[PDB]
Amino acid sequence: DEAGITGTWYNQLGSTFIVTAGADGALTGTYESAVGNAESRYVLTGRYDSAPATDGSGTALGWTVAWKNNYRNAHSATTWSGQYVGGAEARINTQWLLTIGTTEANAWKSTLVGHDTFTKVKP
Amino acid sequence: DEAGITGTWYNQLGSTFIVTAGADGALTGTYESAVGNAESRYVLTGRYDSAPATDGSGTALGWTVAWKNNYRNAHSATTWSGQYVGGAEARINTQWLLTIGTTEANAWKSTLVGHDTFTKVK
Amino acid sequence: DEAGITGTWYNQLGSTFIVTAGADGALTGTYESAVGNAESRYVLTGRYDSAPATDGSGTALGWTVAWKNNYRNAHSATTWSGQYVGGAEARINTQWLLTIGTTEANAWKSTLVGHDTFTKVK
Amino acid sequence: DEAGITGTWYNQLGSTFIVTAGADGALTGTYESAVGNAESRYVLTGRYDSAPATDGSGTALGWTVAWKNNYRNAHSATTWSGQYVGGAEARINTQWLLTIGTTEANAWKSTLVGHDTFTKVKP
């Protein structure tokens, strides 16, 4: 699913995820958030299962964005963990954790959790 | 804190995280898991904030391991999201998500959540 | 929102959530899951914000089911944390944590995470 | 485990959880948070597995606090999901979700995630 995963994806917020899957399990590309303390594109890197099960299971993957580029530094990072489901209406279904750099005193409110669904159609 | 993050880290479960932090915000390295359908080292990649706040805040970072190597394939991937906190007893405090490739029917039970704390001494 | 929350709700999986919101902030009722190791209705209890904000914000709430009843015991419990959003197509949008009783050795794989959206129809 | 769970628990933050485990699987009591937009005690309700496994497994449980009492209203709720481990140093190991009421546009940033360990002794 290297070619299936490679492409331009959008989530339900209208964020843009441009990714290349390599033969070796690498994900590389750019992420542009339509919300939050974010402007323009950010580097992403991650991993996917390059030899997945043949039983109709999805392809396990994940990636990270640290929210620093030449325009903005939000002192935060998001990881997405999910699976690619090919076929009719290909979608990447994810859960994510967004951690913000905090003091020790504030560490209890440092991490947001959510869920993003990506498809190749911009909504 | 490129130097602060670069090196060898251990979690509460006896897993080993070996990481280099690049100047550009890259993380790259290897993870060895002491539990689950894992054996030997796995490639990790991630990102960190290479210019953090200067108010005592931690440094945000994250990484991914897909649980495939030359020996095993667990058809799953973990992401760690967290922050590095420097000082005499340096720590990386994380939460993680572990997704297993599932059918659409079983997707509701595809993702585990937990927390790992990494220190520079076991 | 006592009135808007009280009633029968359905999620995307086919599960049924039957709840009463008290004036005091209580949620009480029964949950019927369409998946997993579950049969018939389970007791649920939770709390909601009985005096929400009036700026168009949702109403925070949460509840717990322990997966024991007179048919099954799956030795597990789920909590849903979310918000009620009123209007034409009312919705309760939630994330959930499902913990299974484990030995200390298996506690890293004790907790699933997911998300459920509940509507008044389906 | 009714006797084991019933009582006062303290987390790493110094918050105080006072709970009664009913014979039927009910949890009722009060929560006082040492952090956040919290003052004094708040009602909690939850459930636990009242017929657990006898293989050395923990006892699954969960509870909810809505952060409104007579004194304050933070327009939020937390749920804790976890398990009770009995013994001389008994523990409740939890993960929690804290949801704040938001507009639909800000719903992506409505939910914090964390972990609390509760013991019988002040930390």
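The count begins at 1 with the first shown residue.
Header says: X-ray crystallography, 1.9 Å.
Just so it is clear, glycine is given a Cβ too, placed from its N, Cα and C backbone atoms.
Residues annotated as biotin binding site in Swiss-Prot: D:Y31, D:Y42, D:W80, D:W96, D:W108. Every protein chain considered, the tally of other Cβ atoms within 10 Å of the Cβ of D:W96 (biotin binding site) stands at 24.
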Least buried by Cβ count (within 10 Å) of the binding-site residues D:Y31, D:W80:
D:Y31
Take the binding-site residues D:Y31, D:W80, D:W108 and keep those with a Cβ under 8 Å from any chain C Cβ; what remains?
D:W80
Using a Cβ-Cβ cut-off below 8 Å, which of the binding-site residues D:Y31, D:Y42, D:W96, D:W108 are near chain B?
none
Cβ within less than 8 Å of chain A, restricted to binding-site residues D:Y31, D:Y42, D:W80, D:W96, yields none
Max Cα-Cα distance in Å among D:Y31, D:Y42, D:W80, D:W96, D:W108, the residues listed as binding biotin?
27
DSSP-derived structure type at D:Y31 (biotin binding site), helix or strand or else coil:
strand
Cβ-Cβ distance under 8 Å, sequence separation of 6 or more, same chain as D:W108 (biotin binding site); the residues meeting this, in order, are none
